[PDB]
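Here the protein sequences line up with chains B and A, keeping their order. Be aware that the first sequence starts at 117, since it is given in the entry's author numbering, and climbs by one per residue. Be aware that the second sequence starts at 29, since it is given in the entry's author numbering, and climbs by one per residue. Quick reminder that beta carbons are idealized off the backbone N, C-alpha and C, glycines included. Structure first, then comments.
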Amino acid sequence: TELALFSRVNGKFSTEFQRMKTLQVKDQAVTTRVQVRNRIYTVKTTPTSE
Amino acid sequence: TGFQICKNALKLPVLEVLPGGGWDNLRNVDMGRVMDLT
């Protein structure tokens, strides 16, 4: 704002507002599942055992 | 009727997949030695 009256009385009025905003969200979800199953032998009793 | 005598001489594995065994046709699982293995 600038106001000059009678070419003698001067006035100035400078007003500034400034807002800055920042947001960051970061999500990580790692899931891991390992499953090993070995079956080597099948052992049975002889039918003629005691 | 062991195979250790042959293994001591030849020094070879014995073929572990052998026929002549029983078989449960229902449960689909080997059962017992029917033929004679010598």
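Integer-rounded CB distance, given that residue j should sit under 8 angstroms from residue i
{"i": "A/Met-63", "j": "A/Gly-48", "result": "3 angstroms"}
Check whether residue i and residue j have beta carbons under 7 angstroms apart
{"i": "B/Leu-119", "j": "B/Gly-127", "result": "yes"}
When the options are compared against residue i, the one with the closest alpha-carbon
{"i": "B/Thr-131", "options": "B/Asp-143, B/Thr-117, B/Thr-164 and B/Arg-124", "result": "B/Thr-117"}
{"i": "A/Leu-65", "options": "A/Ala-37, A/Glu-44, A/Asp-52 and A/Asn-53", "result": "A/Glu-44"}
{"i": "B/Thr-162", "options": "A/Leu-46, A/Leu-54, A/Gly-50 and A/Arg-55", "result": "A/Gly-50"}
Alpha-carbon to alpha-carbon, residue j and residue i
{"i": "B/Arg-124", "j": "B/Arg-135", "result": "37 angstroms"}
{"i": "A/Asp-52", "j": "A/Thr-29", "result": "25 angstroms"}
{"i": "A/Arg-61", "j": "A/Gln-32", "result": "19 angstroms"}
{"i": "A/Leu-38", "j": "A/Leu-54", "result": "39 angstroms"}
{"i": "B/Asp-143", "j": "B/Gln-151", "result": "27 angstroms"}
{"i": "A/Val-42", "j": "B/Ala-145", "result": "51 angstroms"}
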